[PDB]
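Take a look at the structure below.
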Amino acid sequence: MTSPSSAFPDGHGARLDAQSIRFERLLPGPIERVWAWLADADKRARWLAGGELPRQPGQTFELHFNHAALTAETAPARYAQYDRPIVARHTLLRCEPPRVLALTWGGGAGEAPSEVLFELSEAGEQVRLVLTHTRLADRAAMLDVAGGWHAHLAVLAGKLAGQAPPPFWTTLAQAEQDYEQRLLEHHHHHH
């Protein structure tokens with residue numbers, strides 16, 4: 001299992017707003033190393049979700065939305081449903097290693113499920129990771145994924161640094177509080 005104690009990265013809180021998800025972070029390792037966490041389904045089930053990659057772009061793979069789709073172990077009991085590994089099929093857009101990979105996310109909101117662009121740039125020793133969650137209808141959509149998604153960036157840095165992970169629920173709820181205050185919609189269209 002690849003887990004390198006290399007360096008402890010800092011970060012910046014996203015100011016302003018966007019109609020999509022915009023997070024650029026700096027990770028240790030050239031770029032291929034960081035890609036490992038994106039590709040390997042074993043470790044990914046400990047920082048996101050488990051589910052290996054298919055062969056064709058446009059195909060669907062089946063992954064499991066685990067405890068909060070990251071980790072829970074003990075929850076405020078206000079979730080329950082989100083505390084079980086739910087399997088679902090998802091389309092992958094592109095996977096061009098080691099540089100850029102793209103998929104489509106949970107389509108809980110109306111219209112088509114919004115997509116996720118992982119865009120890595122490789123620096124003189126380290127890697128820039130740009131998380132671009134595309135195809136968001138509005139702040140409601142980013143709020144839809146807000147339930148766990150953004151917080152995964154904390155555990156990523158934690159693992160990639162070789163350190164312990166932070167309080168998930170605290171971070172989740174805090175960011176949830178932010179988003180819920182910014183701008184929201186209740187856009188659920190059930191056929």
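A note on labels: chains of the structure tokens are A, B, ... as shown, every chain counts residues from 1, and ligands are counted from 1 in their shown order.
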With 8 Å as the cut-off and only C-alpha atoms counted, what is the closest atom pair between each nearby residue of segment 73-161 of chain A and segment 24-38 of chain A? Distances in Å to one decimal, ordered by chain and number, as CSV.
```
residue,atom,partner,partner_atom,distance
A:97,CA,A:35,CA,7.5
A:98,CA,A:32,CA,5.3
A:99,CA,A:31,CA,7.3
A:120,CA,A:31,CA,6.8
A:121,CA,A:31,CA,7.1
A:122,CA,A:31,CA,5.4
A:123,CA,A:30,CA,6.5
A:124,CA,A:30,CA,7.3
A:125,CA,A:30,CA,5.0
A:126,CA,A:30,CA,4.6
A:127,CA,A:31,CA,5.2
A:128,CA,A:26,CA,4.7
A:129,CA,A:25,CA,5.2
A:130,CA,A:24,CA,4.2
A:131,CA,A:24,CA,6.2
A:157,CA,A:27,CA,7.0
A:160,CA,A:28,CA,6.9
A:161,CA,A:28,CA,7.0
```
Problem - All helix (DSSP H, G or I) residues (DSSP, backbone) inside chain A, as an NGL selection string - result: :A and (32-39 or 41-44 or 67-69 or 81-83 or 139-145 or 152-161 or 168-182)
Handout entry: From A:183, A:112, A:136, A:154, residue lying nearest residue 171 of chain A [only C-alpha atoms]
Key =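 Closest to residue 171 of chain A of all the choices is A:154.
All residues of protein, DNA or RNA that reach within 9 Å of residue 134 of chain A, judged by only C-alpha atoms and not counting those fewer than 2 positions away in the chain, are residues 19, 20, 21, 104, 114, 115, 116, 117, 132 and 136 of chain A.
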Practice task
Would you mind telling me which residue in A:176, A:52, A:119, A:10 lies nearest to residue 147 of chain A when using only C-alpha atoms?
Solution key: A:176
Handout entry: A:113, A:61, A:152, A:23 ranked by distance to residue 41 of chain A, top pick (using only C-alpha atoms)
Key =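 Counting only C-alpha atoms, the residue closest to residue 41 of chain A is A:61.
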Practice task
Return as an MDAnalysis selection string the full set of residues in segment 1-111 of chain A whose backbone-based DSSP assignment is strand (DSSP E or B).
Solution key: chainID A and resid 21:27 60:65 86:96 100:104
Handout entry: Polymer residues at most 10 Å from segment 73-84 of chain A, only C-alpha atoms, same-chain spacing of 4 or more positions, as a list in words
Key =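 Using only C-alpha atoms, the neighbours found are residues 64, 65, 66, 67, 68, 69, 147, 148, 168 and 169 of chain A.
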Would you save the residues from that selection as a short mmCIF file (atom, residue, chain, number, x, y, z; two decimals), in the first residue's frame, using N, CA and C atoms?
```cif
data_model
loop_
_atom_site.label_atom_id
_atom_site.label_comp_id
_atom_site.auth_asym_id
_atom_site.auth_seq_id
_atom_site.Cartn_x
_atom_site.Cartn_y
_atom_site.Cartn_z
N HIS A 64 -19.27 2.07 -4.53
CA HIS A 64 -20.09 2.05 -3.33
C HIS A 64 -19.97 3.36 -2.58
N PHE A 65 -21.09 4.02 -2.37
CA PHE A 65 -21.13 5.19 -1.52
C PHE A 65 -21.11 4.73 -0.07
N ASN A 66 -19.92 4.67 0.49
CA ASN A 66 -19.71 4.20 1.86
C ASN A 66 -20.22 5.20 2.89
N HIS A 67 -19.81 5.00 4.14
CA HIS A 67 -20.21 5.88 5.24
C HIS A 67 -19.89 7.33 4.90
N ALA A 68 -20.93 8.10 4.58
CA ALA A 68 -20.79 9.51 4.19
C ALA A 68 -19.92 9.65 2.94
N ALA A 69 -19.73 8.53 2.23
CA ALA A 69 -18.86 8.46 1.07
C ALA A 69 -17.44 8.93 1.39
N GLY A 147 -22.83 17.49 0.85
CA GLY A 147 -22.93 16.46 1.87
C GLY A 147 -21.82 15.43 1.78
N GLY A 148 -20.60 15.84 2.12
CA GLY A 148 -19.49 14.92 2.17
C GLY A 148 -18.40 15.23 1.16
N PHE A 168 -14.26 14.58 10.59
CA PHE A 168 -15.03 14.61 9.36
C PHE A 168 -16.34 15.37 9.53
N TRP A 169 -17.13 14.98 10.53
CA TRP A 169 -18.46 15.57 10.72
C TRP A 169 -18.36 17.06 11.01
#
```
Problem - Distance criterion (only C-alpha atoms): nearest to residue 18 of chain A out of A:143, A:93, A:53, A:164 - result: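 That would be A:143, the residue with the smallest distance to residue 18 of chain A.
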Excluding residue 47 of chain A and its own-chain neighbours fewer than 6 positions away, which residues fall within 7 Å of it when counting only C-alpha atoms? Please give them as an mmCIF file with N, CA, C and O atoms, in the first residue's frame.
```cif
data_model
loop_
_atom_site.group_PDB
_atom_site.id
_atom_site.type_symbol
_atom_site.label_atom_id
_atom_site.label_comp_id
_atom_site.auth_asym_id
_atom_site.auth_seq_id
_atom_site.Cartn_x
_atom_site.Cartn_y
_atom_site.Cartn_z
ATOM 1 N N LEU A 70 -17.034 8.725 2.630
ATOM 2 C CA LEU A 70 -15.650 8.877 3.025
ATOM 3 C C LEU A 70 -15.397 8.001 4.246
ATOM 4 O O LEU A 70 -14.774 6.942 4.149
ATOM 5 N N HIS A 152 -13.828 15.715 1.454
ATOM 6 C CA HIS A 152 -12.894 14.657 1.064
ATOM 7 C C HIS A 152 -11.508 15.232 0.770
ATOM 8 O O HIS A 152 -10.502 14.524 0.836
ATOM 9 N N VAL A 155 -9.214 14.886 3.881
ATOM 10 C CA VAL A 155 -8.685 13.550 4.108
ATOM 11 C C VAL A 155 -7.632 13.203 3.056
ATOM 12 O O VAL A 155 -6.638 12.539 3.362
ATOM 13 N N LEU A 156 -7.845 13.675 1.826
ATOM 14 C CA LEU A 156 -6.854 13.526 0.761
ATOM 15 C C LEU A 156 -5.499 14.058 1.203
ATOM 16 O O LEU A 156 -4.509 13.329 1.208
#
```
Handout entry: Nearest-residue call for residue 58 of chain A, choices A:2, A:91, A:7, A:173, using only C-alpha atoms
Key = A:91
Exercise for the section: Measure the distance from atom CA of residue 94 of chain A to atom CA of residue 42 of chain A in Å and round it to one decimal. Expected result: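 Going from atom CA of residue 94 of chain A over to atom CA of residue 42 of chain A covers 20.5 Å.
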Handout entry: Separation of atom CA of residue 54 of chain A from atom CA of residue 72 of chain A in Å
Key =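 That distance, rounded to one decimal, is 27.7 Å.
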Exercise for the section: Using only C-alpha atoms, find the one residue out of A:133, A:182, A:187, A:159 that sits nearest to residue 101 of chain A. Expected result: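 Ranked by minimum distance to residue 101 of chain A, first place goes to A:133.
In this structure, atom CA of residue 11 of chain A sits 18.9 Å away from atom CA of residue 179 of chain A.
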Residue 60 of chain A environment, 7 Å, only C-alpha atoms, sequence neighbours closer than 5 positions dropped, as a compact mmCIF listing (two decimals) with C-alpha atoms, in the first residue's frame:
```
# COMPACT_ATOMS: atom_id res chain seq x y z
CA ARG A 89 -23.31 2.77 -11.39
CA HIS A 90 -21.60 5.90 -12.69
CA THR A 91 -20.24 6.99 -16.06
CA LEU A 92 -16.58 7.87 -16.44
```
